[PDB]
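So the structure is just underneath, and the comments pick up after that.
Protein chains: 2
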Amino acid sequence: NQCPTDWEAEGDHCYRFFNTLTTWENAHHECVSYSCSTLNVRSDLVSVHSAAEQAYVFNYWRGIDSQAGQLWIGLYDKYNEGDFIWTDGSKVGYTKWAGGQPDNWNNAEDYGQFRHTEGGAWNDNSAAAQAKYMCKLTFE
Amino acid sequence: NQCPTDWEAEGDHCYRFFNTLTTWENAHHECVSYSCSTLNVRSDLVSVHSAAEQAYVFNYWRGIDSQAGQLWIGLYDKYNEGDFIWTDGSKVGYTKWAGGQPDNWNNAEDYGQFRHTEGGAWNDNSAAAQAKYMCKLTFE
Ligand SMILES: [Ca+2]
Ligand SMILES: [Ca+2]
Ligand SMILES: [Ca+2]
Ligand SMILES: [Ca+2]
Ligand SMILES: [Ca+2]
Ligand SMILES: [Ca+2]
Numbered sequence: 001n002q003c004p005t006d007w008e009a010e011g012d013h014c015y016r017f018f019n020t021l022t023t024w025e026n027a028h029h030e031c032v033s034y035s036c037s038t039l040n041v042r043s044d045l046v047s048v049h050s051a052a053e054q055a056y057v058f059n060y061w062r063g064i065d066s067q068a069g070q071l072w073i074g075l076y077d078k079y080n081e082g083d084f085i086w087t088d089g090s091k092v093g094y095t096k097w098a099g100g101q102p103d104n105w106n107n108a109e110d111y112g113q114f115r116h117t118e119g120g121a122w123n124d125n126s127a128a129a130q131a132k133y134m135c136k137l138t139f140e
Numbered sequence: 001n002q003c004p005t006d007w008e009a010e011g012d013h014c015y016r017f018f019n020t021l022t023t024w025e026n027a028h029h030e031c032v033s034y035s036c037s038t039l040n041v042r043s044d045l046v047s048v049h050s051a052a053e054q055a056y057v058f059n060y061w062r063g064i065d066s067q068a069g070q071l072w073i074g075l076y077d078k079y080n081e082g083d084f085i086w087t088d089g090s091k092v093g094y095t096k097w098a099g100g101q102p103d104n105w106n107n108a109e110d111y112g113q114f115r116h117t118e119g120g121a122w123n124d125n126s127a128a129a130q131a132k133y134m135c136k137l138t139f140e
């Protein structure tokens, strides 16, 4: 375990859950703010690439947080409506959409989040909504 | 393994060997310049706290550098002559002083280094000496 203190290790990554309500854009900035250019470490909202990473992220979050609510992740379609990508540039092979999602409700939902139910099934929500958030380190 | 690219993982630490002759002070300045305050990651010259870390560092160095020569470590007695301290603030427990060391030769040796001989036994040397160096990450 070579993760920074207050960050959890799993695979080739470190993860850290922030138990504070905020907007997706603010969460994005807060995660990116933990980057370290001298060590080529890129910090970002969590990206999710397998059922096992989903489960990991979900169980880490719900292991700390007992409140009903959502968890921002780095999935978004801001720049191309309908095409959800990761902020960290990683490829989009894994999805876990909740039934009826993504629905771009009121033509204003471009930001992805886990629900606290159904193993962390994903919803698209808006720039005004608030949720907790999870950051991930990528050692480039 | 959660070490940055080009750093080697061992225990709770990451290490990196630089195959470049330089002074201790420059080596120290170089290692520290990799530090990252956003993740509380100290980069510094290597500190050695067991025979196991000693062997790990020695074999890592010698697996790359087959030249006769020395490797700077973060041990120095500039402030208090004869009382060596680690630049990373960790306490000195383990030592592996070569016979007849540390001798403060010519009243002018404040800086610790492995020799390439005898499993990397330590010598103190001066501010004008040149050696290769190794950095270490500490997750503070
Ligand atoms: Ca849109
Ligand atoms: Ca949308
Ligand atoms: Ca929705
Ligand atoms: Ca002295
Ligand atoms: Ca001395
Ligand atoms: Ca000496």
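Chains B and A, in that order, give the protein sequences. Just so we're aligned, residue 1 is where the first sequence starts under the authors' numbering, counting upward by one. Just so we're aligned, residue 1 is where the second sequence starts under the authors' numbering, counting upward by one. Even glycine gets a Cβ: it sits at the ideal position worked out from N, Cα and C.
Where DSSP assigns a beta bridge to residue i, which residues make up the other side?
i: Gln113 of chain B; result: B:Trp72, B:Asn123
i: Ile85 of chain B; result: B:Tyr76
i: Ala9 of chain B; result: B:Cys14
i: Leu21 of chain B; result: Note: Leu21 of chain B sits in no beta bridge, so no partner.
Ligand 2 and residue i: does any heavy atom of the ligand fall closer than 6 Å to the residue's C-beta?
i: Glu25 of chain B; result: no
i: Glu81 of chain B; result: yes
State yes or no: is the C-beta of residue i nearer than 6 Å to some heavy atom of ligand 4?
i: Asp110 of chain A; result: yes
Is the beta carbon of residue i sitting closer than 7 Å to the one on residue j?
i: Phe17 of chain A; j: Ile64 of chain A; result: yes
i: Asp88 of chain B; j: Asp44 of chain B; result: yes
i: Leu71 of chain A; j: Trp61 of chain A; result: yes
i: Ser126 of chain B; j: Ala108 of chain B; result: yes
i: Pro4 of chain A; j: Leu39 of chain B; result: yes
i: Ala52 of chain A; j: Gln2 of chain B; result: no
Going by C-alpha to C-alpha distance, which of the options sits closest to residue i?
i: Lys91 of chain B; options: B:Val46, B:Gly99, B:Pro4, B:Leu21; result: B:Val46
i: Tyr111 of chain A; options: A:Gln2, A:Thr20, A:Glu25; result: A:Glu25
i: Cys135 of chain A; options: A:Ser37, A:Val41, A:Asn1, A:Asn106; result: A:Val41
i: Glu118 of chain B; options: B:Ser50, B:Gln54, B:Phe84; result: B:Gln54
i: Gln113 of chain B; options: B:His13, B:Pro4, B:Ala27, B:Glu8; result: B:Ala27
i: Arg115 of chain A; options: A:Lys96, A:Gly82, A:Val32; result: A:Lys96
i: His49 of chain A; options: A:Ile85, A:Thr38, A:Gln2, A:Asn1; result: A:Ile85
Does ligand 3 have even one heavy atom less than 6 Å from the beta-carbon of residue i?
i: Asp12 of chain A; result: no
i: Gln130 of chain B; result: no
i: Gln2 of chain A; result: no
Within the present structure, is the beta-carbon of residue i separated from the nearest heavy atom of ligand 5 by less than 6 Å?
i: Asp77 of chain A; result: yes
Following a CB-centred definition, is residue i positioned closer than 6 Å to any heavy atom of ligand 6?
i: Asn107 of chain A; result: no
i: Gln70 of chain A; result: no
Taking only beta carbons into account, state which residues of the region 26-55 of chain A come closer than 8 Å to chain B, listed in chain order. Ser33, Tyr34, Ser35, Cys36, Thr38, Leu39, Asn40, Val41, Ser43
Listed from N- to C-terminal order along the chain, which residues in the region 8-23 of chain A have their beta-carbon within a distance smaller than 8 Å of any beta-carbon of chain B? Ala9, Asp12, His13, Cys14
Positions along the region 83-94 of chain B whose CB lies within less than 8 Å of some CB in chain A: none
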